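Student: in their complex positions, the first chains:
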Amino acid sequence: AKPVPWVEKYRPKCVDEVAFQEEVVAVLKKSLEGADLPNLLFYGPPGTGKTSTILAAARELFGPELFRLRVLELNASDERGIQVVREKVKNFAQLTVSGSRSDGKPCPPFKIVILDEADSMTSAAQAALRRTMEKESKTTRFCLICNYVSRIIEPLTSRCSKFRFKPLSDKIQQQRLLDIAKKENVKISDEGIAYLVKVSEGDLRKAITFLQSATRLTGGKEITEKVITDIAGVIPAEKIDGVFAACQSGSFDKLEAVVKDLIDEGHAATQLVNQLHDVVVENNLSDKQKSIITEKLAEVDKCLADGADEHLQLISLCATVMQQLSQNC
């Protein structure tokens, strides 16, 4: 009787529990009946349910006893070089399809190779998969899972049927979160669940983690908006107004002061970029100033995605918006 975190306790065991990804779920439910399952390429943002969907499909297709004989799951936590593709994957694809389900349910006549996190594979190891996928297609199937489809080569893009996992909408995510909170005997207000589905941004894993952590923090009592704002790392609007007032002042000393105060408070630069972007696109600035400022915001977000320093990028963005705000003064 050990406790388990809610991201794994509420993982979809079957394909009916996967939310909002209606096209790929419908394809896999047709393949459960006996339709010809093609090669799959799942791609999309994190937390949308790419791994859970194919694991639920494999569990529905093969059952418990045939998962070790029909599914080869390789991810980036193990070595996937050119020799792993040439030896291990090809010898798995060349195996016979034997073993039947003992519970009387039908079993498909193919194997499944789940090459999860196919971004990290090299171009040579991806090029070695091509005739393995084409030649052994009678007895095995392939499911490449990635976050960026540009890092997978165009022959493997052509060989697989591409499914893009959209970010979950607020209706489906709110319904799933309310079902999880109902099954866990915890109460969450409407403002709390609205701020939760605003914060999580289509990441259902982040939403389940925030809901579990808010349940553990409050002890099982009512979850308000304040605990969601506390645990979500959302910068208060007073800091954003102070940053914009420092930019409207036109003095770089106050700009350095507010940047150092935001850095010393440990706020993430991505959250600051998101909140500054919302303030910039939702005010009465001119179109040219908004244009330049949003272009600098996109460049700063790209630089932070490449592991640049937070303080220098934030002071460059703040200098740009200070120049734009003091140009019209």
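Tutor: Thanks, I have it. Numbering: from 1, shown residues only, chains lettered A, B, ... in the order given.

Student: got the contact list for residue A:245?
Tutor: Applying Cβ atoms under 8 Å, 6 or more residues apart in numbering to residue A:245 gives no contacts. The way it works is simple: take the backbone N, C-alpha and C, and place the C-beta from them, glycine included.

Student: separation between the residue nearest the centre of chain A and residue A:148?
Tutor: Of all residues in chain A, the one closest to the mean position by Cα atoms, centre = their mean is residue A:46, 0.9 Å from it. Residue A:46 is 11 Å from residue A:148, where distance means Cβ to Cβ, to the nearest Å.

Student: residues near residue A:187, how many?
Tutor: Per other Cβ atoms under 10 Å, the neighbour tally for residue A:187 reads 13.

Student: meant to ask about residue A:85
Tutor: Close neighbours of residue A:85, defined as other Cβ under 10 Å, add up to 21.

Student: about what we covered before: contacting residues around the residue nearest to the centre of chain A?
Tutor: By Cβ under 8 Å, 6+ apart, the residues touching residue A:46 are A:147, A:203, A:205.

Student: most neighbours, which of the residues you listed?
Tutor: Highest neighbour count within these: residue A:203, with 18 neighbours (other Cβ under 10 Å).

Student: so that residue is in contact with residue A:45, correct?
Tutor: Yes: using Cβ atoms under 8 Å, residue A:203 makes contact with residue A:45 at a distance of 7.1 Å.

Student: identify the contacts common to the two.
Tutor: residue A:167.

Student: thinking again about what came up before, which of the three states applies to the residue nearest to the centre of chain A?
Tutor: Of the three states, residue A:46 takes coil under DSSP: H, G, I helix; E, B strand; the rest coil.

Student: look up phi and psi at it.
Tutor: phi -70, psi 150 (degrees, to the nearest 10).

Student: before we move on, what about residue A:89?
Tutor: phi -70, psi -40.

Student: another chain to add, chain B:
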Amino acid sequence: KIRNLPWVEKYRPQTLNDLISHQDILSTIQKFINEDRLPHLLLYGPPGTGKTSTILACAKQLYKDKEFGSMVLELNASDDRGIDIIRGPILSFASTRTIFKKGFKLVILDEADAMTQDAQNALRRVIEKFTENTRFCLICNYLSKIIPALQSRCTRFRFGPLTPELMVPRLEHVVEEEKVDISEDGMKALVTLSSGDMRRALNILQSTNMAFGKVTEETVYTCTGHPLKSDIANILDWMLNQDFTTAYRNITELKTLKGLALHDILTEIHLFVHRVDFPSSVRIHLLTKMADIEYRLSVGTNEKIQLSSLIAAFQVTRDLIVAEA
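Tutor: One more chain to add, chain B, which I have set with the ones above:
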């Protein structure tokens, strides 16, 4: 009999008459085969155009099923093709006679761009020395990764992209052999989204038929997730006709409503940016900004900021285009 196969492998052109597009190249190869004048071939082109299918149909036409394992040596990127293989099994296959029936042998080297330059340099005198005994077919997607010495020895055929006028009857044959209800706009959307590729047109057809049961324009654009032409025209009209806030709200509502991705929006807006009679200074700025936005989407970057920058690249040039007059 019925088999559980993907439609890109269930429906493969086993003969040269089942391929659609490259009629002059296939006629020349058929006349090479019928006159027994088959040279070393170099098939190059974009993926999904039917090069491996062409050489497999030629190998099945040349050799019978009782002797196919001794006359054809097919090696690809899943096999080890180092210089010890060129000096080993390939040279011994090229330099020896046949076992069962007298004839010329065939060494198919699929994905020849994946071979190392040492192997490609070792292949030159193997190709030239045993021209009478064996024939070589190099197939690649990128011709630059094949050395010019091997490009000189093999006559090259460009298997270019499949035109959508010739892609339609093969798709109609696949549809009539699978009992699929498809409309004219569904076939048009299939041959538009394929873009000279019959793998992606079969995959999309099978995925749409499994997801929805019918193949129309809306079902194809919903299963693929690609935006429609009207959505791209609306996005361009909003980015060129109104201010930043209203265009941002309308494009954000359109993306949240239909679940669109910014990569496909960027591709279709790039296609629209050349049809619109922009000034040449405006077009350079728009292409540079859109290329930068496409490059920023390849990493862990928030897509909302990149959507705002995509709007910003046109809101910069609105007053420039208007005051140009």
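
Student: the neighbour count of residue A:85 again please, chain B included this time.
Tutor: Taking other Cβ atoms under 10 Å in any protein chain shown as the neighbour definition, residue A:85 ends up with a count of 23.

Student: now residue A:119: how far from chain B?
Tutor: Per Cβ to the nearest Cβ, to the nearest Å, residue A:119 is found 10 Å from chain B.

Student: what helices or strands is the host helix or strand of residue B:246 leaning on?
Tutor: Secondary structure assignment for residue B:246, by DSSP states H and E: helix B:244-258. Secondary-structure packing of helix B:244-258 (3 or more Cβ pairs under 8 Å, 6 or more residues apart in numbering or on different chains; DSSP states H and E): helix A:269-281, helix A:287-305, helix B:229-241, helix B:303-324.

Student: check which residues of it are buried.
Tutor: By 16 or more other Cβ atoms under 10 Å in any protein chain shown, the buried positions in helix B:244-258 come out as B:244-245, B:247-248, B:250-251, B:254-255.

Student: give me every residue that touches residue 157.
Tutor: Using chain A here. A:41, A:149 (Cβ atoms under 8 Å, 6 or more residues apart in numbering or on different chains).

Student: that answer is for a different chain, and I need it for chain B
Tutor: By Cβ under 8 Å, 6+ apart, the contact list for residue B:157 reads B:22, B:25, B:29, B:41-44.

Student: again with residue B:133
Tutor: With contact taken as Cβ under 8 Å, 6+ apart, residue B:133 is in contact with B:94-95, B:97, B:104-105.

Student: kindly recompute the last result at 10 Å.
Tutor: B:93-98, B:103-105 (Cβ atoms under 10 Å, 6 or more residues apart in numbering or on different chains).

Student: and the buried ones among those residues, selectable in ChimeraX?
Tutor: A single ChimeraX command selects the buried members of those (16+ other Cβ under 10 Å):
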select /B:93,94,104,105
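
Student: wait, which of the contacts of residue B:133 is closest to residue B:146?
Tutor: residue B:94 (18.7 Å; Cβ to Cβ).

Student: so that closest one touches residue B:107, yeah?
Tutor: Yes: with contact defined as Cβ atoms under 10 Å, residue B:94 counts as touching residue B:107 (6.7 Å).

Student: chain C follows; place it on the structure:
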Amino acid sequence: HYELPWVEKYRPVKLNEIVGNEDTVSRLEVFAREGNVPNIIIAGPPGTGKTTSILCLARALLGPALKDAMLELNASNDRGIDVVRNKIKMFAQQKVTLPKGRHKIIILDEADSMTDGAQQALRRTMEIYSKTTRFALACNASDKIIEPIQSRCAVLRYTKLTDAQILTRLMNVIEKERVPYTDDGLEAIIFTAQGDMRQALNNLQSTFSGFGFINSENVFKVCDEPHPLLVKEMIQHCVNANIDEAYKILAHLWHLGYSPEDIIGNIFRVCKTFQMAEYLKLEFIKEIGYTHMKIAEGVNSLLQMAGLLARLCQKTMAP
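Tutor: Time to bring in chain C:
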């Protein structure tokens, strides 16, 4: 019996049948007639006739003693460090009875594939046994062969064949094969050959087998126009900051099925030897490399190539 293709069927067996590089081929004819040939390294483009010249010279020098007084090695052989010591040196030490002015010939075809250690070991066995044996090396990239080996041999360099030199051999093949033709068809074959006799014979045989007549459209239905002939025009359009014609050529190359790597390789190849300002050429090359890093990292679309063209046109207007 199976009929050979016209590249291997119409390989020249005499040195007088080799067209192109008339001075070097004439001196090789004189050396084959008289003897006492020095060590020779022939460098040049592919399909020029370096292997044909080496084999014809060796055959005309030896005659009946070709099987016992010649050692031919290729990149298909081992020719490592244990072969230069134990096979080439043993053949140079081997006694072969030959007439005067004739020596044993060690043909080392495609000498770029040899390692640096093998070429270092080759030096003294070439220098010592030169009274009895001679060396005839053929290569494409002359920089791969080291400086002592090039000093120990006469470095003959072959240039690309002219259109008249290709046309003479093609007319010989046509009169041997009774191929009907027109002048624009042979002009198209010369255009698609690009200084390569192998490609000229292959394109002629492909057109004759597929259509049976040589005109321009029958050639271009199977052959293809060269890539740099349009890449030079699009680079010239990028120099004059004309983005529309440059994108027209880029879209024409994109719809023909060329990958972004091949297109950017031809763009770099044209920009390396283009006739423009040097600082502008360096800026062009740096922008090509910056785009090619994105092409190699995974993002490779028509938008990226159009952005590269826009950046090349922006480099002109920004001094």
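
Student: and the contacts of residue A:245, now that chain C is part of it?
Tutor: For residue A:245, the contacting residues are A:254, A:258, A:325, by Cβ under 10 Å, 6+ apart.

Student: can you tell me if stretch C:183-202 touches chain B.
Tutor: Yes: Stretch C:183-202 comes into contact with chain B (Cβ under 10 Å from any Cβ of the partner chain), by way of C:196-199, C:201-202.

Student: any chance of CSV for these, columns neighbour count?
Tutor: CSV is the format used below for the residues of stretch C:183-202 next to chain B (neighbours: other Cβ atoms under 10 Å in any protein chain shown):
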residue, neighbour count
C:196, 21
C:197, 25
C:198, 23
C:199, 24
C:201, 26
C:202, 27
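
Student: highest neighbour count among the contacts of residue A:245?
Tutor: Top of those by neighbour count (other Cβ under 10 Å): residue A:258, with 21 neighbours.

Student: need the nearest residue in space to that one, chain neighbours excluded.
Tutor: residue A:246 (4.6 Å; Cβ to Cβ, 6 or more residues apart in numbering or on different chains).

Student: how many neighbours does that neighbour have?
Tutor: Neighbours of residue A:246 using other Cβ under 10 Å come to 23.

Student: what about it, which helix or strand?
Tutor: Per DSSP H and E, residue A:246 falls inside helix A:237-249.

Student: between that helix and helix A:287-305, how big is the angle?
Tutor: Using axes from the mean of the first three to the mean of the last three Cα atoms, to 10 degrees, the inter-axis angle of helix A:237-249 relative to helix A:287-305 is 120 degrees.

Student: contacts for the helix or strand following helix A:237-249?
Tutor: Following helix A:237-249 in sequence order, the next helix or strand is helix A:252-264 (DSSP H and E). Applying Cβ under 10 Å, 6+ apart, the external contacts of helix A:252-264 come out as A:235, A:239-240, A:242-249, A:251, A:267-269, A:272, A:309-312, A:314-319, A:321-322.

Student: pull out the buried members of those.
Tutor: A:235, A:239-240, A:242-244, A:246-247, A:249, A:267, A:269, A:272, A:310, A:314-319, A:321-322.
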